[PDB]
Amino acid sequence: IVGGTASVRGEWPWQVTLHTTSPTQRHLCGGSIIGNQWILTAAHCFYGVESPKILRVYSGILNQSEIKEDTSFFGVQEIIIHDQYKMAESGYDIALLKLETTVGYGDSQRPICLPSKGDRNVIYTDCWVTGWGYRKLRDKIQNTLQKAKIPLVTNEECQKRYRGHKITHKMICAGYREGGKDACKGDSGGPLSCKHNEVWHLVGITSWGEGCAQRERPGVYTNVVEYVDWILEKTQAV
Ligand SMILES: COC(=O)Nc1ccc(-c2[nH]c([C@H](CC(=O)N3CCOCC3)NC(=O)/C=C/c3cc(Cl)ccc3-n3cnnn3)nc2Cl)cc1
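Regarding how it was determined, this PDB entry cites X-ray crystallography in its header, along with a resolution of 2.6000 Å.

The protein chain carries the name Coagulation factor XIa in the PDB entry, which gives Homo sapiens as its organism.

Laid out in C-alpha coordinates, this is it:
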(Lines give C-alpha, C1' and ligand atoms only; values in the text may rest on other atoms or scores of the structure.)
Protein backbone atom coordinates (compact mmCIF):
# COMPACT_ATOMS: atom_id res chain seq x y z
CA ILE A 1 0.00 0.00 0.00
CA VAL A 2 1.30 3.45 -1.13
CA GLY A 3 0.36 6.46 1.07
CA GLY A 4 -1.54 4.42 3.64
CA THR A 5 -1.61 4.16 7.44
CA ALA A 6 -1.50 1.23 9.88
CA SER A 7 -4.81 -0.56 10.45
CA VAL A 8 -6.43 -0.98 13.89
CA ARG A 9 -6.60 -4.70 14.96
CA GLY A 10 -9.97 -6.15 13.81
CA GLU A 11 -10.62 -3.47 11.18
CA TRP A 12 -10.71 -5.78 8.15
CA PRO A 13 -11.51 -9.19 9.70
CA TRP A 14 -12.11 -10.77 6.26
CA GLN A 15 -8.47 -9.89 5.26
CA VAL A 16 -6.00 -12.79 5.19
CA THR A 17 -2.31 -13.31 4.43
CA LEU A 18 -1.66 -16.17 2.04
CA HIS A 19 1.80 -17.69 2.55
CA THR A 20 3.86 -20.14 0.56
CA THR A 21 6.20 -22.86 2.09
CA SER A 22 8.34 -23.46 -1.15
CA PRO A 23 11.34 -22.72 -0.99
CA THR A 24 11.04 -20.73 2.32
CA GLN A 25 7.95 -19.46 4.12
CA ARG A 26 6.99 -15.93 2.98
CA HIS A 27 3.86 -13.88 2.28
CA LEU A 28 2.52 -14.53 -1.25
CA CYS A 29 -0.76 -12.51 -1.60
CA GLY A 30 -3.71 -11.00 0.28
CA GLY A 31 -7.22 -12.52 0.34
CA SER A 32 -10.79 -12.35 1.77
CA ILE A 33 -12.92 -14.72 3.89
CA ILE A 34 -16.30 -15.14 2.05
CA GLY A 35 -17.49 -18.38 3.76
CA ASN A 36 -16.48 -20.69 6.62
CA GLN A 37 -14.23 -22.76 4.26
CA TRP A 38 -13.71 -20.13 1.41
CA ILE A 39 -11.04 -17.47 0.64
CA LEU A 40 -11.36 -15.27 -2.54
CA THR A 41 -8.02 -14.10 -4.01
CA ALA A 42 -6.27 -13.40 -7.39
CA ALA A 43 -5.69 -16.18 -9.92
CA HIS A 44 -2.16 -14.78 -10.59
CA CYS A 45 -1.22 -15.62 -6.99
CA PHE A 46 -0.79 -19.30 -7.97
CA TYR A 47 1.60 -18.63 -10.89
CA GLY A 48 4.03 -21.55 -10.51
CA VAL A 49 2.17 -23.00 -7.39
CA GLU A 50 2.11 -26.76 -8.24
CA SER A 51 0.25 -27.96 -5.15
CA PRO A 52 -2.17 -26.55 -2.53
CA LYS A 53 0.17 -28.38 -0.07
CA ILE A 54 2.65 -25.42 0.06
CA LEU A 55 -0.06 -22.87 0.97
CA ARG A 56 -1.05 -21.50 4.45
CA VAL A 57 -3.82 -18.97 5.21
CA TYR A 58 -3.46 -16.75 8.28
CA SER A 59 -6.64 -14.98 9.41
CA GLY A 60 -6.90 -12.62 12.42
CA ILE A 61 -3.44 -11.14 11.77
CA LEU A 62 -2.56 -7.42 12.09
CA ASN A 63 1.24 -7.90 12.11
CA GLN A 64 3.34 -10.34 10.09
CA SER A 65 5.54 -10.89 13.24
CA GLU A 66 2.46 -12.76 14.64
CA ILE A 67 3.35 -15.59 12.22
CA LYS A 68 5.86 -17.99 13.85
CA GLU A 69 6.23 -21.83 13.58
CA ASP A 70 3.59 -22.18 16.47
CA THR A 71 1.02 -19.77 14.87
CA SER A 72 -2.09 -21.64 13.76
CA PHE A 73 -3.22 -21.51 10.11
CA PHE A 74 -5.62 -23.01 7.52
CA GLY A 75 -4.39 -25.69 5.08
CA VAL A 76 -5.64 -25.50 1.50
CA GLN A 77 -7.70 -28.40 0.30
CA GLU A 78 -8.31 -27.05 -3.21
CA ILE A 79 -7.14 -24.17 -5.49
CA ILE A 80 -9.99 -23.25 -7.93
CA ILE A 81 -8.68 -20.74 -10.58
CA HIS A 82 -11.20 -19.17 -13.03
CA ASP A 83 -10.83 -21.39 -16.20
CA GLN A 84 -10.88 -18.27 -18.50
CA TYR A 85 -7.87 -16.74 -16.69
CA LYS A 86 -4.79 -16.19 -18.88
CA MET A 87 -3.30 -13.09 -17.17
CA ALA A 88 -4.24 -10.21 -14.80
CA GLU A 89 -4.11 -7.57 -17.62
CA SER A 90 -6.78 -9.62 -19.59
CA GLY A 91 -9.12 -10.30 -16.64
CA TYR A 92 -10.69 -13.31 -14.90
CA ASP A 93 -8.01 -12.65 -12.19
CA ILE A 94 -10.03 -14.44 -9.52
CA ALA A 95 -9.51 -17.76 -7.61
CA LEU A 96 -11.09 -19.60 -4.64
CA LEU A 97 -9.16 -21.56 -2.04
CA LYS A 98 -11.20 -24.25 -0.30
CA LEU A 99 -9.73 -24.68 3.20
CA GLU A 100 -9.10 -28.13 4.79
CA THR A 101 -10.79 -26.90 8.02
CA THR A 102 -13.60 -24.48 9.02
CA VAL A 103 -12.86 -20.83 9.88
CA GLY A 104 -14.56 -20.15 13.25
CA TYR A 105 -16.02 -16.63 13.15
CA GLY A 106 -15.19 -14.21 15.95
CA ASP A 107 -13.92 -10.76 16.90
CA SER A 108 -10.68 -11.23 14.81
CA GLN A 109 -12.08 -13.02 11.66
CA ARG A 110 -15.46 -13.03 9.82
CA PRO A 111 -16.59 -13.08 6.11
CA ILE A 112 -17.21 -10.05 3.87
CA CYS A 113 -20.45 -9.65 1.97
CA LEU A 114 -20.29 -10.06 -1.75
CA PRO A 115 -22.04 -7.37 -3.90
CA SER A 116 -25.74 -8.09 -4.48
CA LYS A 117 -27.19 -8.64 -8.02
CA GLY A 118 -29.11 -5.34 -7.48
CA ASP A 119 -26.00 -3.60 -6.04
CA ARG A 120 -24.59 -2.96 -9.61
CA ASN A 121 -26.72 0.28 -9.64
CA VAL A 122 -25.14 1.79 -6.42
CA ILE A 123 -22.23 4.32 -6.24
CA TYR A 124 -19.45 3.63 -3.69
CA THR A 125 -17.90 6.64 -1.93
CA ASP A 126 -16.31 4.80 1.00
CA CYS A 127 -13.76 2.30 -0.55
CA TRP A 128 -10.49 1.07 0.99
CA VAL A 129 -7.55 -1.04 -0.32
CA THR A 130 -5.74 -3.14 2.32
CA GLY A 131 -2.55 -5.24 2.34
CA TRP A 132 0.99 -6.05 3.57
CA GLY A 133 2.43 -4.93 0.20
CA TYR A 134 5.26 -2.47 -0.54
CA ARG A 135 4.91 1.26 0.26
CA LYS A 136 6.73 1.98 -3.12
CA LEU A 137 7.82 -0.01 -6.30
CA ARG A 138 11.24 -0.90 -4.80
CA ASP A 139 10.41 -1.78 -1.14
CA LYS A 140 9.69 -4.78 1.20
CA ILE A 141 6.53 -6.53 2.63
CA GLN A 142 5.07 -4.34 5.46
CA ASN A 143 4.75 -5.78 8.99
CA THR A 144 1.54 -3.88 9.88
CA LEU A 145 -1.55 -4.05 7.66
CA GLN A 146 -1.84 -0.71 5.79
CA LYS A 147 -5.16 0.81 4.76
CA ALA A 148 -5.83 3.49 2.13
CA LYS A 149 -9.08 5.29 1.01
CA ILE A 150 -9.14 5.45 -2.84
CA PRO A 151 -11.92 6.81 -5.09
CA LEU A 152 -13.56 4.54 -7.64
CA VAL A 153 -12.97 5.49 -11.30
CA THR A 154 -15.31 4.83 -14.32
CA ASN A 155 -14.54 2.23 -16.96
CA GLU A 156 -14.37 5.08 -19.57
CA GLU A 157 -11.92 7.15 -17.42
CA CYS A 158 -9.80 4.02 -16.58
CA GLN A 159 -9.67 3.03 -20.28
CA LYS A 160 -8.34 6.63 -21.05
CA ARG A 161 -5.57 6.12 -18.43
CA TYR A 162 -4.56 2.68 -19.85
CA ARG A 163 -4.00 3.21 -23.55
CA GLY A 164 -2.87 -0.01 -25.18
CA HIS A 165 -4.87 -2.14 -22.70
CA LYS A 166 -8.40 -3.46 -22.65
CA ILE A 167 -10.36 -2.40 -19.54
CA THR A 168 -13.41 -4.71 -19.49
CA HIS A 169 -16.57 -4.28 -17.32
CA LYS A 170 -15.17 -7.38 -15.38
CA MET A 171 -12.50 -4.84 -14.23
CA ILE A 172 -12.92 -1.97 -11.67
CA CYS A 173 -10.46 0.94 -11.23
CA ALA A 174 -9.65 3.17 -8.26
CA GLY A 175 -7.30 6.10 -7.98
CA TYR A 176 -6.62 9.79 -7.36
CA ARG A 177 -5.94 11.62 -10.65
CA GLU A 178 -2.64 12.81 -8.95
CA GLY A 179 -1.73 9.37 -7.47
CA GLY A 180 -0.15 9.10 -4.01
CA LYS A 181 -2.51 6.35 -2.73
CA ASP A 182 -2.75 2.87 -4.41
CA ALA A 183 -1.96 -0.86 -3.96
CA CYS A 184 1.53 -2.21 -4.70
CA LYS A 185 3.66 -5.43 -4.85
CA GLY A 186 2.30 -7.77 -2.18
CA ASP A 187 -1.30 -6.53 -2.03
CA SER A 188 -2.80 -8.58 -4.92
CA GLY A 189 -5.58 -10.98 -4.12
CA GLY A 190 -6.52 -8.76 -1.18
CA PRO A 191 -9.74 -6.74 -1.02
CA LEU A 192 -11.15 -3.46 -2.21
CA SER A 193 -13.80 -3.06 0.50
CA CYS A 194 -16.67 -0.51 0.12
CA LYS A 195 -19.04 0.56 2.98
CA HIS A 196 -22.64 1.10 1.75
CA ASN A 197 -25.87 1.22 3.86
CA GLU A 198 -23.54 0.68 6.89
CA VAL A 199 -22.41 -2.75 5.41
CA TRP A 200 -19.00 -3.63 3.89
CA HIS A 201 -19.01 -5.30 0.45
CA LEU A 202 -16.26 -6.98 -1.52
CA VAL A 203 -16.30 -4.70 -4.57
CA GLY A 204 -12.82 -5.66 -5.87
CA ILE A 205 -9.76 -7.99 -5.66
CA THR A 206 -6.33 -6.19 -5.95
CA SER A 207 -5.02 -7.18 -9.44
CA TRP A 208 -2.56 -4.95 -11.41
CA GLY A 209 -1.52 -1.38 -12.38
CA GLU A 210 1.28 0.46 -14.20
CA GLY A 211 3.71 1.18 -11.34
CA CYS A 212 2.42 2.07 -7.83
CA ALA A 213 0.21 5.20 -7.16
CA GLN A 214 1.38 7.05 -10.30
CA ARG A 215 -0.53 10.11 -11.49
CA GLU A 216 -3.22 9.20 -14.09
CA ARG A 217 -2.63 5.42 -13.58
CA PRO A 218 -5.48 3.89 -11.45
CA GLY A 219 -5.04 0.46 -9.88
CA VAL A 220 -7.13 -2.28 -11.58
CA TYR A 221 -9.25 -4.73 -9.59
CA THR A 222 -11.49 -7.71 -10.43
CA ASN A 223 -15.05 -6.24 -10.46
CA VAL A 224 -16.47 -8.87 -8.06
CA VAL A 225 -20.22 -8.06 -8.82
CA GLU A 226 -19.53 -9.63 -12.32
CA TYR A 227 -18.33 -12.90 -10.74
CA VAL A 228 -21.02 -13.54 -8.10
CA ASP A 229 -22.44 -16.41 -10.24
CA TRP A 230 -18.98 -18.12 -10.67
CA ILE A 231 -18.26 -17.73 -6.92
CA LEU A 232 -21.70 -19.23 -6.12
CA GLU A 233 -21.35 -22.02 -8.76
CA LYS A 234 -17.97 -23.04 -7.25
CA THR A 235 -18.88 -22.56 -3.49
CA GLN A 236 -22.47 -23.98 -3.83
CA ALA A 237 -21.60 -27.21 -5.78
CA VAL A 238 -24.13 -30.06 -5.04
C1 LIG B 1 8.96 -11.78 2.20
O2 LIG B 1 7.86 -12.03 1.29
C3 LIG B 1 7.84 -11.28 0.18
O4 LIG B 1 8.68 -10.46 -0.10
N5 LIG B 1 6.71 -11.55 -0.52
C6 LIG B 1 6.23 -10.90 -1.70
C7 LIG B 1 5.02 -11.37 -2.22
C8 LIG B 1 4.53 -10.86 -3.41
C9 LIG B 1 5.19 -9.83 -4.07
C10 LIG B 1 4.68 -9.33 -5.37
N11 LIG B 1 3.35 -9.42 -5.71
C12 LIG B 1 3.21 -8.97 -6.98
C13 LIG B 1 1.93 -8.99 -7.77
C14 LIG B 1 2.11 -9.57 -9.18
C15 LIG B 1 2.54 -11.02 -9.24
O16 LIG B 1 2.63 -11.69 -8.22
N17 LIG B 1 2.75 -11.55 -10.46
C18 LIG B 1 3.26 -12.90 -10.71
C19 LIG B 1 2.29 -13.67 -11.56
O20 LIG B 1 2.01 -13.01 -12.79
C21 LIG B 1 1.52 -11.69 -12.55
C22 LIG B 1 2.50 -10.88 -11.75
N23 LIG B 1 1.30 -7.67 -7.83
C24 LIG B 1 0.60 -7.21 -6.78
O25 LIG B 1 0.53 -7.85 -5.72
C26 LIG B 1 -0.04 -5.88 -6.95
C27 LIG B 1 -0.01 -5.10 -8.03
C28 LIG B 1 -0.61 -3.77 -8.20
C29 LIG B 1 -1.98 -3.65 -8.01
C30 LIG B 1 -2.59 -2.42 -8.19
CL31 LIG B 1 -4.30 -2.27 -7.86
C32 LIG B 1 -1.88 -1.31 -8.57
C33 LIG B 1 -0.51 -1.41 -8.75
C34 LIG B 1 0.13 -2.64 -8.58
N35 LIG B 1 1.51 -2.75 -8.89
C36 LIG B 1 2.20 -2.50 -10.01
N37 LIG B 1 3.45 -2.79 -9.82
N38 LIG B 1 3.54 -3.23 -8.54
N39 LIG B 1 2.38 -3.21 -7.96
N40 LIG B 1 4.37 -8.56 -7.47
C41 LIG B 1 5.27 -8.79 -6.48
CL42 LIG B 1 6.93 -8.42 -6.72
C43 LIG B 1 6.37 -9.33 -3.53
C44 LIG B 1 6.89 -9.87 -2.36
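Draft legend 1. Spotlight on the site of the ligand. Around the ligand lies a shell of 24 residues, among which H27, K185, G186, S188 and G211 are the nearest. In the environment of the ligand, a nitrogen atom lies 3.0 Å from a nitrogen or oxygen atom belonging to the backbone of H27. One nitrogen or oxygen atom from the main chain of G186 is found 3.2 Å from an oxygen atom belonging to the ligand. Protein coverage of the free-state accessible area of the ligand, which is 910 Å², stands at 71%. Looking at the shell around the ligand, the elements with two or more residues in it are β3 (26–35), β13 (199–208) and β14 (219–223). Among the residues making up the shell around the ligand, the classes are represented as 11 nonpolar, 9 polar and 4 charged. Domain assignment of the residues forming the shell around the ligand places at least three in each of domain 1 (1–12 + 112–226) and domain 2 (13–111 + 227–238).

Draft legend 2. Geometry of the sheet that holds β13. If you walk across this open sheet you meet the 8 strands as β1-β9-β8-β12-β13-β14-β11-β10, and the pairing is antiparallel. In the strand order of this sheet, the two ends are held by β1 (5–6) and β10 (152–153), each with one partner. Examined bridge by bridge, strand β12 (residues 191–196) and β13 share 6 bridges and lie antiparallel to one another. Directly across from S193, in β13, lies its bridge partner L202.

Rules and cut-offs
- Residues numbered from 1 in each chain as written, not as in the entry; some residues may be left out.
- Heavy atoms only, no water.
- Residues with missing side-chain atoms left out of burial classes, pairs and counts.
- Near = heavy atom within 4 Å.
- Polar contact = N/O pair within 3.5 Å; in protein donor to acceptor, adjacent residues only side chain to side chain.
- Areas by Shrake-Rupley, 256 points an atom, 1.4 Å probe, with all protein chains shown as cover.
- Helix = DSSP H or I, 4+ residues; strand = E, 2+ residues; numbered from the N terminus.
- Nonpolar A, V, L, I, M, F, W, Y, C, P; charged D, E, K, R; others polar.
- Domains from an automatic or database assignment.
- Pairing = 2+ DSSP bridges.

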